[PDB]
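Step one of this worksheet: look at the structure below.
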Amino acid sequence: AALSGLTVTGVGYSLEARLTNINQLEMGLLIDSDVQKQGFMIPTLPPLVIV
Amino acid sequence: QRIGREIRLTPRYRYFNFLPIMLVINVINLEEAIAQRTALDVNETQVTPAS
């Protein structure tokens, strides 16, 4: 009774394929380097004195 | 944007024609004549008065 009305059919499919080219036409992941340089400088402070 | 090795031939020639003389013969029904009995077409000189 629970299976009354059950019909099962296959609709479609998906297929995995990889394009192994021996010459290849992809650009991968580009690798670079950049330089960030900082400037740190040191001032004076108010004076102290005894008279 | 592909990589491959190729081998090429460069053909160079020409056929010229000088002599304006030549003959051709056509052969037909060669097999049938030897396949079947053939003999002796007579020019029967029709002496049975009709000519």
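Identifiers in this document derive from the order of the structure tokens: chains are assigned A, B, ..., residues are numbered from 1 separately in each chain, and ligands are numbered from 1 in order of occurrence.
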
Next on the checklist: Distance cut-off 7 Å, counting only C-alpha atoms - which residues of chain A neighbour chain B? Return them as JSON, numbers by chain.
Outcome noted: {"A": [23, 24, 25]}

Checklist entry - Could you pull out all residues of chain B with a DSSP call of alpha helix (DSSP H) and give them as a list in words? => result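 After running DSSP on the backbone, chain B has alpha helix (DSSP H) at residues 30, 31, 32, 33, 34 and 35 of chain B.
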
Export N, CA, C and O atoms of the chosen residues as a compact mmCIF listing (two decimals), in the first residue's frame?
# COMPACT_ATOMS: atom_id res chain seq x y z
N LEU B 30 35.74 -8.10 -73.81
CA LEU B 30 36.84 -9.06 -73.91
C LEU B 30 36.48 -10.38 -73.24
O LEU B 30 36.75 -11.46 -73.78
N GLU B 31 35.88 -10.32 -72.05
CA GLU B 31 35.59 -11.55 -71.32
C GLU B 31 34.49 -12.36 -71.99
O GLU B 31 34.55 -13.59 -72.04
N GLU B 32 33.47 -11.68 -72.51
CA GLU B 32 32.29 -12.38 -73.01
C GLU B 32 32.63 -13.22 -74.24
O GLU B 32 32.11 -14.33 -74.40
N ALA B 33 33.48 -12.70 -75.12
CA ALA B 33 33.81 -13.42 -76.34
C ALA B 33 34.49 -14.75 -76.04
O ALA B 33 34.19 -15.76 -76.70
N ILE B 34 35.39 -14.79 -75.07
CA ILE B 34 36.03 -16.06 -74.73
C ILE B 34 35.12 -16.88 -73.83
O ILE B 34 35.31 -18.10 -73.70
N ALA B 35 34.13 -16.26 -73.20
CA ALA B 35 33.24 -17.00 -72.32
C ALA B 35 32.21 -17.82 -73.09
O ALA B 35 31.68 -18.80 -72.54

Item to check | Å distance separating CA of residue 21 (chain A) from CA of residue 5 (chain B), one decimal place | outcome: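 Value for the CA of residue 21 (chain A)-CA of residue 5 (chain B) distance: 14.8 Å.
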
Next on the checklist: Please compute the CA of residue 26 (chain A)-CA of residue 7 (chain B) distance, one decimal, in Å.
Outcome noted: 26.5 Å
